[PDB]
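>>> Show me the folded form of this:
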Amino acid sequence: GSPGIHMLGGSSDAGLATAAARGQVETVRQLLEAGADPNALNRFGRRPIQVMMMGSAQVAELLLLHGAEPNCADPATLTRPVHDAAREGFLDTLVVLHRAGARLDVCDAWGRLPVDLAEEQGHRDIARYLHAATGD
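Numbering: from 1, shown residues only. Sure, structure below:
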């Protein structure tokens, strides 16, 4: 067998994710409008939107209207994209998800629901909107 060790290598059409976490909608527009895949997963397995710093809706809408993964999530802890925007308080990204068919009814592994994790930390404005758009 060929010699090797620890990881190996891999690239993507995911700049939309790496740049998003860094607050870069221009790069997300480039990694996408340049002719790429709407699901360029990242080593963080945090979907293309779950890893956008949840501080710039400009990125949440970019991939959403394209084909991001607002319904899929991390199978290691059932972490959907609704919980990410909830732990931060970006109610804008929340509208985008539900504005393009989103799965607002999952639990972050053992966090009951995204609405609870919101008001739990310091996001009541988003928590109230979630319970009204997630269904008890």
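>>> Need the residue closest to the centroid of this protein.
residue 50 (1.9 Å; CA atoms, centre = their mean).
>>> List the contacts of it.
Contacts of residue 50 were listed using CB atoms under 8 Å, 6 or more residues apart in numbering, and they are 73, 74, 79, 80, 81, 84. For every residue, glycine as well, the C-beta is placed using N, CA and C.
>>> hmm, which of those are the buried ones?
Neighbour-count burial (16 or more other CB atoms under 10 Å) applied to these gives 73, 74, 79, 80, 81, 84.
>>> Output these as a markdown table; include the columns secondary structure.
Output for the buried ones among the contacts of residue 50, formatted as a markdown table (DSSP: H, G, I helix; E, B strand; the rest coil):
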| residue | secondary structure |
| --- | --- |
| 73 | coil |
| 74 | strand |
| 79 | strand |
| 80 | coil |
| 81 | helix |
| 84 | helix |
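>>> So which of the residues you listed is the closest to residue 21?
residue 84 (10.7 Å; CB to CB).
>>> Would you check that my belief about the closest one contacting residue 48 is correct?
No - with contact defined as CB atoms under 8 Å, residue 84 does not count as touching residue 48 (11.5 Å).
>>> just to revisit the earlier point, format the contacts of residue 50 as a markdown table; extra columns: distance to residue 60.
Below are the contacts of residue 50 laid out as a markdown table (distance: CB to CB, whole Å):
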| residue | distance to residue 60 |
| --- | --- |
| 73 | 15 |
| 74 | 18 |
| 79 | 16 |
| 80 | 13 |
| 81 | 8 |
| 84 | 10 |
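>>> out of those, who's nearest residue 11?
residue 74 (21.5 Å).
>>> Do I have it right that the closest one meets residue 41?
No - contact criterion CB under 8 Å: residue 74 and residue 41 do not qualify, at 10.8 Å.
>>> Return every residue with contacts to both of these two.
With CB under 8 Å, 6+ apart, residue 74 and residue 41 have common neighbours residue 47.
>>> which stretches of the protein form helices?
For the chain, applying DSSP state H gives helices covering 15-21, 25-33, 57-66, 81-88, 91-99, 114-121, 124-134.
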